[PDB]
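Trainee: Below is structure_29.pdb; it holds PDB, C-alpha atoms and all ligand atoms.
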```pdb
ATOM      1  CA  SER A 316      23.561  73.209 187.158
ATOM      2  CA  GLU A 317      24.519  70.380 184.814
ATOM      3  CA  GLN A 318      26.572  68.561 187.479
ATOM      4  CA  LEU A 319      23.372  67.782 189.380
ATOM      5  CA  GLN A 320      21.664  66.442 186.243
ATOM      6  CA  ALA A 321      24.462  63.933 185.719
ATOM      7  CA  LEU A 322      24.420  62.446 189.209
ATOM      8  CA  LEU A 323      20.694  61.785 189.150
ATOM      9  CA  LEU A 324      21.182  59.929 185.875
ATOM     10  CA  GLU A 325      23.972  57.787 187.342
ATOM     11  CA  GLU A 326      21.560  56.716 190.026
ATOM     12  CA  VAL A 327      19.239  55.551 187.296
ATOM     13  CA  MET A 328      22.140  53.817 185.589
ATOM     14  CA  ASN A 329      23.047  52.174 188.899
ATOM     15  CA  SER A 330      19.585  50.863 189.769
ATOM     16  CA  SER A 331      19.210  49.479 186.263
ATOM     17  CA  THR A 332      22.097  47.073 186.839
ATOM     18  CA  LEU A 333      19.443  44.795 188.351
ATOM     19  CA  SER A 334      16.809  43.188 186.146
ATOM     20  CA  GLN A 335      13.310  43.075 187.592
ATOM     21  CA  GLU A 336      13.363  39.251 187.491
ATOM     22  CA  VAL A 337      16.623  39.246 189.467
ATOM     23  CA  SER A 338      15.411  41.758 192.057
ATOM     24  CA  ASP A 339      12.249  39.683 192.522
ATOM     25  CA  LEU A 340      14.382  36.546 193.094
ATOM     26  CA  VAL A 341      16.772  38.281 195.537
ATOM     27  CA  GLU A 342      13.686  39.477 197.429
ATOM     28  CA  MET A 343      12.358  35.908 197.711
ATOM     29  CA  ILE A 344      15.507  34.191 198.902
ATOM     30  CA  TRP A 345      16.047  37.027 201.377
ATOM     31  CA  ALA A 346      12.411  36.874 202.432
ATOM     32  CA  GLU A 347      12.734  33.112 202.855
ATOM     33  CA  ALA A 348      15.746  33.428 205.102
ATOM     34  CA  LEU A 349      14.219  36.191 207.292
ATOM     35  CA  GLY A 350      10.972  34.252 207.534
ATOM     36  CA  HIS A 351      12.962  31.272 208.760
ATOM     37  CA  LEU A 352      14.800  33.099 211.587
ATOM     38  CA  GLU A 353      11.667  34.989 212.637
ATOM     39  CA  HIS A 354      10.087  31.553 212.952
ATOM     40  CA  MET A 355      12.773  30.014 215.157
ATOM     41  CA  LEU A 356      13.103  33.226 217.306
ATOM     42  CA  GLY A 357       9.574  34.566 217.511
ATOM     43  CA  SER A 358       7.773  36.203 214.613
ATOM     44  CA  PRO A 367       6.220  46.343 190.487
ATOM     45  CA  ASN A 368       8.534  46.922 193.488
ATOM     46  CA  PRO A 369      11.469  49.349 193.991
ATOM     47  CA  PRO A 370      14.905  47.884 193.102
ATOM     48  CA  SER A 371      16.237  46.246 196.276
ATOM     49  CA  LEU A 372      19.794  46.784 195.078
ATOM     50  CA  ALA A 373      21.194  46.710 198.621
ATOM     51  CA  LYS A 374      20.228  43.085 199.245
ATOM     52  CA  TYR A 375      21.682  41.872 195.926
ATOM     53  CA  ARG A 376      25.039  43.588 196.455
ATOM     54  CA  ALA A 377      25.574  41.678 199.727
ATOM     55  CA  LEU A 378      25.527  38.320 197.961
ATOM     56  CA  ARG A 379      28.852  39.178 196.251
ATOM     57  CA  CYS A 380      27.523  37.000 193.444
ATOM     58  CA  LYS A 381      26.329  37.947 189.929
ATOM     59  CA  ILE A 382      22.875  36.695 188.922
ATOM     60  CA  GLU A 383      21.599  37.229 185.383
ATOM     61  CA  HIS A 384      18.199  36.265 184.030
ATOM     62  CA  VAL A 385      18.278  34.104 180.922
ATOM     63  CA  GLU A 386      15.115  35.110 179.096
ATOM     64  CA  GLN A 387      12.456  32.417 178.945
ATOM     65  CA  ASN A 388      12.662  32.270 175.117
ATOM     66  CA  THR A 389      16.483  32.454 174.755
ATOM     67  CA  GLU A 390      18.503  29.761 173.069
ATOM     68  CA  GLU A 391      20.298  29.239 176.406
ATOM     69  CA  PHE A 392      17.004  28.730 178.295
ATOM     70  CA  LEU A 393      15.659  25.867 176.196
ATOM     71  CA  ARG A 394      19.052  24.081 176.232
ATOM     72  CA  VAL A 395      19.484  24.294 180.038
ATOM     73  CA  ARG A 396      15.830  23.422 180.613
ATOM     74  CA  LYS A 397      16.378  20.343 178.463
ATOM     75  CA  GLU A 398      19.392  19.220 180.486
ATOM     76  CA  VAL A 399      17.660  19.521 183.865
ATOM     77  CA  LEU A 400      14.613  17.440 182.833
ATOM     78  CA  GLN A 401      16.888  15.131 180.815
ATOM     79  CA  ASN A 402      17.157  12.499 183.575
ATOM     80  CA  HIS A 403      13.700  13.039 185.145
ATOM     81  CA  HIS A 404      12.963   9.394 185.911
ATOM     82  CA  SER A 405       9.825   9.649 188.036
ATOM     83  CA  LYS A 406       7.707  11.458 185.423
ATOM     84  CA  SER A 407       5.728  13.460 188.014
ATOM     85  CA  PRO A 408       5.214  16.806 186.220
ATOM     86  CA  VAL A 409       7.610  19.714 186.835
ATOM     87  CA  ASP A 410       7.117  23.281 185.583
ATOM     88  CA  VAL A 411      10.546  24.948 185.033
ATOM     89  CA  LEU A 412       9.830  28.643 185.709
ATOM     90  CA  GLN A 413      13.032  30.660 185.635
ATOM     91  CA  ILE A 414      16.728  30.137 185.022
ATOM     92  CA  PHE A 415      19.582  32.379 186.221
ATOM     93  CA  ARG A 416      23.226  32.382 185.228
ATOM     94  CA  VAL A 417      25.296  32.690 188.413
ATOM     95  CA  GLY A 418      28.877  33.601 189.231
ATOM     96  CA  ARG A 419      30.625  33.771 192.578
ATOM     97  CA  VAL A 420      33.408  36.363 192.922
ATOM     98  CA  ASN A 421      36.200  33.889 193.646
ATOM     99  CA  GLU A 422      34.699  30.697 192.243
ATOM    100  CA  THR A 423      35.863  30.996 188.648
ATOM    101  CA  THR A 424      39.585  31.286 189.595
ATOM    102  CA  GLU A 425      39.886  28.793 192.526
ATOM    103  CA  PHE A 426      38.107  26.071 190.505
ATOM    104  CA  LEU A 427      40.235  22.956 189.892
ATOM    105  CA  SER A 428      39.201  22.720 186.231
ATOM    106  CA  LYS A 429      42.461  20.862 185.557
ATOM    107  CA  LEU A 430      41.315  17.602 187.233
ATOM    108  CA  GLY A 431      39.363  16.346 184.242
ATOM    109  CA  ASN A 432      35.990  14.693 184.070
ATOM    110  CA  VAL A 433      34.361  18.083 184.684
ATOM    111  CA  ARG A 434      30.652  17.313 184.480
ATOM    112  CA  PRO A 435      27.558  19.439 185.123
ATOM    113  CA  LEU A 436      25.415  18.126 188.042
ATOM    114  CA  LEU A 437      22.454  19.128 190.236
ATOM    115  CA  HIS A 438      22.495  20.221 193.870
ATOM    116  CA  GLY A 439      19.174  20.785 195.558
ATOM    117  CA  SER A 440      18.801  22.778 198.755
ATOM    118  CA  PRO A 441      15.937  24.315 200.720
ATOM    119  CA  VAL A 442      15.202  27.870 199.713
ATOM    120  CA  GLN A 443      16.379  29.411 202.967
ATOM    121  CA  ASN A 444      19.895  28.173 202.246
ATOM    122  CA  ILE A 445      20.223  29.990 198.925
ATOM    123  CA  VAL A 446      21.478  33.302 200.373
ATOM    124  CA  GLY A 447      24.078  31.352 202.328
ATOM    125  CA  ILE A 448      25.114  29.285 199.303
ATOM    126  CA  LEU A 449      25.424  32.258 196.932
ATOM    127  CA  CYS A 450      27.534  34.316 199.365
ATOM    128  CA  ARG A 451      29.934  31.521 200.495
ATOM    129  CA  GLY A 452      29.680  28.830 197.819
ATOM    130  CA  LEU A 453      28.872  25.229 198.636
ATOM    131  CA  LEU A 454      30.514  24.397 202.015
ATOM    132  CA  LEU A 455      31.700  21.109 203.475
ATOM    133  CA  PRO A 456      29.648  19.918 206.464
ATOM    134  CA  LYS A 457      31.349  20.003 209.881
ATOM    135  CA  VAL A 458      32.858  16.671 210.986
ATOM    136  CA  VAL A 459      31.831  15.249 214.372
ATOM    137  CA  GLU A 460      34.450  13.986 216.831
ATOM    138  CA  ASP A 461      33.153  15.188 220.232
ATOM    139  CA  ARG A 462      30.791  12.176 220.231
ATOM    140  CA  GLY A 463      29.643   9.125 218.305
ATOM    141  CA  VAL A 464      29.109   9.939 214.610
ATOM    142  CA  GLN A 465      25.361   9.422 214.208
ATOM    143  CA  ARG A 466      23.425   9.024 210.953
ATOM    144  CA  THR A 467      21.922  12.528 211.373
ATOM    145  CA  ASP A 468      25.181  14.489 210.851
ATOM    146  CA  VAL A 469      26.630  12.709 207.780
ATOM    147  CA  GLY A 470      25.144  11.677 204.475
ATOM    148  CA  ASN A 471      25.444   8.172 203.087
ATOM    149  CA  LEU A 472      28.999   8.952 201.836
ATOM    150  CA  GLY A 473      30.640  11.041 204.596
ATOM    151  CA  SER A 474      31.430  14.687 205.118
ATOM    152  CA  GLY A 475      31.416  16.000 201.553
ATOM    153  CA  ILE A 476      29.462  18.040 198.981
ATOM    154  CA  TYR A 477      26.711  16.012 197.334
ATOM    155  CA  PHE A 478      25.396  16.216 193.772
ATOM    156  CA  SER A 479      23.181  14.150 191.509
ATOM    157  CA  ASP A 480      22.759  13.797 187.751
ATOM    158  CA  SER A 481      19.003  13.302 188.114
ATOM    159  CA  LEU A 482      16.299  15.885 188.729
ATOM    160  CA  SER A 483      14.271  13.092 190.328
ATOM    161  CA  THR A 484      16.686  12.930 193.229
ATOM    162  CA  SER A 485      17.335  16.685 193.550
ATOM    163  CA  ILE A 486      13.596  17.222 194.061
ATOM    164  CA  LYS A 487      14.020  15.251 197.325
ATOM    165  CA  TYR A 488      16.340  18.025 198.648
ATOM    166  CA  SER A 489      14.812  21.101 196.899
ATOM    167  CA  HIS A 490      12.013  21.689 199.408
ATOM    168  CA  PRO A 491       9.379  24.289 198.486
ATOM    169  CA  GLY A 492       9.729  27.589 200.243
ATOM    170  CA  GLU A 493       7.112  29.138 202.477
ATOM    171  CA  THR A 494       7.254  32.405 200.467
ATOM    172  CA  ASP A 495       5.861  31.234 197.094
ATOM    173  CA  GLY A 496       6.031  27.424 197.026
ATOM    174  CA  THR A 497       8.686  27.365 194.323
ATOM    175  CA  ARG A 498      11.724  25.125 194.437
ATOM    176  CA  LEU A 499      15.355  25.997 193.738
ATOM    177  CA  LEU A 500      18.347  23.900 192.811
ATOM    178  CA  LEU A 501      21.766  24.802 191.511
ATOM    179  CA  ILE A 502      23.545  23.571 188.434
ATOM    180  CA  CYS A 503      27.281  23.310 189.153
ATOM    181  CA  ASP A 504      30.344  22.256 187.219
ATOM    182  CA  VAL A 505      31.905  19.574 189.429
ATOM    183  CA  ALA A 506      35.536  18.517 188.898
ATOM    184  CA  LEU A 507      35.092  14.770 189.414
ATOM    185  CA  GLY A 508      38.610  13.622 188.525
ATOM    186  CA  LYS A 509      39.159   9.914 189.126
ATOM    187  CA  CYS A 510      35.834   8.703 190.477
ATOM    188  CA  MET A 511      35.637   5.512 192.572
ATOM    189  CA  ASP A 512      32.304   3.692 192.210
ATOM    190  CA  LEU A 513      30.834   2.537 195.502
ATOM    191  CA  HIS A 514      28.033   0.061 196.249
ATOM    192  CA  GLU A 515      27.969   0.251 200.071
ATOM    193  CA  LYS A 516      27.650   3.248 202.407
ATOM    194  CA  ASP A 517      30.779   4.710 204.118
ATOM    195  CA  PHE A 518      29.908   7.405 206.708
ATOM    196  CA  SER A 519      33.557   7.811 207.774
ATOM    197  CA  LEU A 520      34.739   9.509 204.569
ATOM    198  CA  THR A 521      36.478  12.820 205.179
ATOM    199  CA  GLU A 522      38.198  12.704 201.776
ATOM    200  CA  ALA A 523      38.236  10.720 198.570
ATOM    201  CA  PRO A 524      39.875   7.265 198.894
ATOM    202  CA  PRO A 525      43.597   7.139 198.063
ATOM    203  CA  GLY A 526      44.276   7.799 194.373
ATOM    204  CA  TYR A 527      40.810   9.204 193.574
ATOM    205  CA  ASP A 528      39.335  12.744 193.513
ATOM    206  CA  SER A 529      35.635  12.025 194.101
ATOM    207  CA  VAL A 530      33.328   9.137 194.848
ATOM    208  CA  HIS A 531      30.091   7.948 193.206
ATOM    209  CA  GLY A 532      27.389   5.946 194.988
ATOM    210  CA  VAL A 533      25.744   3.717 192.365
ATOM    211  CA  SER A 534      21.985   3.420 192.390
ATOM    212  CA  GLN A 535      20.396   0.057 192.995
ATOM    213  CA  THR A 536      19.022  -1.894 190.035
ATOM    214  CA  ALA A 537      17.290  -5.222 189.629
ATOM    215  CA  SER A 538      20.572  -6.720 188.464
ATOM    216  CA  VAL A 539      22.965  -4.909 190.842
ATOM    217  CA  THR A 540      21.739  -4.091 194.335
ATOM    218  CA  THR A 541      23.677  -1.460 196.215
ATOM    219  CA  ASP A 542      23.047   0.708 199.268
ATOM    220  CA  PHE A 543      21.908   3.667 197.165
ATOM    221  CA  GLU A 544      18.416   4.513 196.084
ATOM    222  CA  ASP A 545      19.850   7.354 193.990
ATOM    223  CA  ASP A 546      23.024   8.212 192.115
ATOM    224  CA  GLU A 547      25.131  10.333 194.471
ATOM    225  CA  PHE A 548      28.301  12.183 193.516
ATOM    226  CA  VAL A 549      30.448  13.513 196.356
ATOM    227  CA  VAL A 550      33.554  15.703 196.330
ATOM    228  CA  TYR A 551      35.599  16.667 199.337
ATOM    229  CA  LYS A 552      37.383  19.932 198.390
ATOM    230  CA  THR A 553      35.177  22.980 197.862
ATOM    231  CA  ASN A 554      37.117  24.205 194.837
ATOM    232  CA  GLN A 555      35.865  21.235 192.866
ATOM    233  CA  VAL A 556      32.579  23.124 192.475
ATOM    234  CA  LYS A 557      31.711  26.027 190.209
ATOM    235  CA  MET A 558      28.103  27.160 190.377
ATOM    236  CA  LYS A 559      26.610  27.957 186.951
ATOM    237  CA  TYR A 560      22.808  28.358 187.190
ATOM    238  CA  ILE A 561      19.906  28.674 189.579
ATOM    239  CA  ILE A 562      16.772  26.844 188.519
ATOM    240  CA  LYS A 563      13.356  27.973 189.768
ATOM    241  CA  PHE A 564      10.795  25.241 189.314
ATOM    242  CA  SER A 565       7.562  24.005 190.807
ATOM    243  CA  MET A 566       5.780  20.732 191.233
ATOM    244  CA  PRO A 567       2.094  20.744 190.195
ATOM    245  CA  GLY A 568       1.468  17.904 192.621
ATOM    246  CA  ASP A 569       2.143  20.367 195.442
ATOM    247  CA  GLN A 570      -1.174  22.269 195.403
ATOM    248  CA  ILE A 571      -4.667  21.428 196.788
TER
HETATM  249  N1  LIG A 601      27.265  28.267 201.929
HETATM  250  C1  LIG A 601      26.185  27.564 202.253
HETATM  251  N2  LIG A 601      25.097  28.220 202.722
HETATM  252  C2  LIG A 601      24.011  27.510 203.046
HETATM  253  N3  LIG A 601      23.815  26.197 202.980
HETATM  254  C3  LIG A 601      24.909  25.573 202.516
HETATM  255  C4  LIG A 601      26.098  26.165 202.140
HETATM  256  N4  LIG A 601      27.002  25.206 201.709
HETATM  257  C5  LIG A 601      26.355  24.075 201.828
HETATM  258  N5  LIG A 601      25.081  24.227 202.311
HETATM  259  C6  LIG A 601      24.112  23.167 202.557
HETATM  260  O1  LIG A 601      24.675  22.271 203.506
HETATM  261  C7  LIG A 601      24.122  20.971 203.333
HETATM  262  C8  LIG A 601      25.182  19.936 203.563
HETATM  263  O2  LIG A 601      26.366  20.247 203.461
HETATM  264  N6  LIG A 601      24.809  18.692 203.890
HETATM  265  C9  LIG A 601      25.771  17.653 204.244
HETATM  266  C10 LIG A 601      25.723  16.525 203.239
HETATM  267  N7  LIG A 601      24.390  16.380 202.655
HETATM  268  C11 LIG A 601      24.177  15.027 202.169
HETATM  269  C12 LIG A 601      22.929  14.889 201.316
HETATM  270  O3  LIG A 601      22.066  14.071 201.585
HETATM  271  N8  LIG A 601      22.861  15.730 200.263
HETATM  272  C13 LIG A 601      22.515  15.388 198.937
HETATM  273  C14 LIG A 601      22.613  14.081 198.493
HETATM  274  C15 LIG A 601      22.279  13.744 197.181
HETATM  275  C16 LIG A 601      21.839  14.698 196.283
HETATM  276  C17 LIG A 601      21.746  16.004 196.742
HETATM  277  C18 LIG A 601      22.075  16.356 198.036
HETATM  278  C19 LIG A 601      21.874  17.827 198.229
HETATM  279  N9  LIG A 601      21.593  18.253 196.872
HETATM  280  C20 LIG A 601      21.317  17.225 196.033
HETATM  281  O4  LIG A 601      20.810  17.320 194.914
HETATM  282  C21 LIG A 601      23.388  16.740 203.657
HETATM  283  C22 LIG A 601      23.428  18.224 203.938
HETATM  284  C23 LIG A 601      23.563  20.941 201.909
HETATM  285  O5  LIG A 601      22.182  20.630 201.940
HETATM  286  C24 LIG A 601      23.795  22.342 201.315
HETATM  287  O6  LIG A 601      22.655  22.846 200.655
END
```
Using structure tokens, write down the structure from this file.

Mentor:
Amino acid sequence: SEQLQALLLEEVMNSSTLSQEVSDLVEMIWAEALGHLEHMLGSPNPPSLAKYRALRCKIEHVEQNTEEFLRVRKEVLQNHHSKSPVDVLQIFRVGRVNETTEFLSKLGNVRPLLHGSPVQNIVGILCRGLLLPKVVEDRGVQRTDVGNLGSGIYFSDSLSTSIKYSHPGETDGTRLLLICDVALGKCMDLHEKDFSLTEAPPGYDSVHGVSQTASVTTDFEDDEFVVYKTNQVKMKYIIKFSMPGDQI
């Protein structure tokens, strides 16, 4: 029958909705997260379409020769201050289901910034977006629960600082960080830590910890940008990269 011939072809057309480079990535971030829970609880390739659909997030490969690739690769390495070599492997356009509509694009000062995260967090981040940390009020607010700015979402403009948070995964030793449009708004510059910040100071939309220099000493080794409402973040790219000074 011809009806049967058409359904088998639609299965082909379904499985092809997933580039090989994107299936391989979805495998790795899933592998990394399963390897991590196995470890704290006791311990080509066929298109793994099932795992990608659960992320409710669209991931496209930008080809390593595209015009888009060389431009984005330039912007990541643009403020690489510690010139310890980095090999930018792959770049993926990204789009969360609800992110493009909830985004507060109308604040102004929308700037593209870097958020690093260990590889096991990537499944969580792609399914739910970048989440605010949980405030602590059952006990004394230690230095282990907050960052240097308070309970917010942290970005930098420098690959040198995002490499401090983009820890290499156990699966392949590659590092991931996101590129996100961040609606900064009115941005208060800070020179001293504040761990009590649950929101931006009055009249401002975000806060910026200013990195120490020989002229101006502050409490910040790195430039830190923090926002306090999740819909000031729109993820735009995943960057797969690797540090040569990781081997041997
Ligand atoms: N949906 C989600 N699924 C999984 N992990 C998720 C998630 N939303 C947020 N996270 C993860 O939670 C973490 C988090 O909030 N916090 C709380 C605040 N943060 C402060 C801090 O030092 N971060 C920090 C500071 C400066 C730069 C950079 C970062 C992280 N990325 C950077 O380039 C420390 C960790 C964060 O590392 C993020 O990767």

Trainee: Given the file shown, determine the residues that the PyMOL selection byres (((not hetatm)) within 7 of (chain A and resi 601)) selects; report them as a count of residues only.

Mentor: 31

Trainee: Using all atoms listed in the file, which residue out of A:563, A:462, A:406, A:419 lies closest to residue 387 (chain A)?

Mentor: A:563

Trainee: How many Å lie between CA of residue 523 (chain A) and CA of residue 430 (chain A), rounded to one decimal?

Mentor: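 CA of residue 430 (chain A) lies 13.6 Å from CA of residue 523 (chain A).
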
Trainee: Considering all atoms listed in the file, return as a PyMOL selection string whatever protein or nucleic-acid residues lie within 6 Å of residue 554 (chain A), sequence-local ones (same chain, fewer than 2 positions apart) excluded.

Mentor: chain A and resi 425-427+552+556

Trainee: Can you tell me which residues surround residue 386 (chain A) at a distance of at most 10 Å, considering only C-alpha atoms, apart from same-chain residues fewer than 6 positions away, and format the answer as a compact mmCIF listing (two decimals) with C-alpha atoms, keeping the file's coordinate frame?

Mentor:
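Final file, result_31.txt:
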```txt
# COMPACT_ATOMS: atom_id res chain seq x y z
CA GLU A 336 13.36 39.25 187.49
CA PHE A 392 17.00 28.73 178.30
CA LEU A 393 15.66 25.87 176.20
CA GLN A 413 13.03 30.66 185.64
CA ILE A 414 16.73 30.14 185.02
CA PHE A 415 19.58 32.38 186.22
```

Trainee: Going by the chain IDs and residue numbers used in this file, which residues fall under the PyMOL selection byres (((chain A and resi 369) around 10) and not hetatm)? Write them as a ChimeraX atom specification.

Mentor: /A:330,335,338-339,367-368,370-372

Trainee: Can you work out which one of A:481, A:376, A:390, A:472 has the shortest atom-to-atom distance to residue 521 (chain A), counting all atoms listed in the file?

Mentor: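 The closest residue to residue 521 (chain A) is A:472.
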
Trainee: When you count all atoms listed in the file, which of these residues is closest to residue 489 (chain A): A:334, A:405, A:443, A:329?

Mentor: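 The closest residue to residue 489 (chain A) is A:443.
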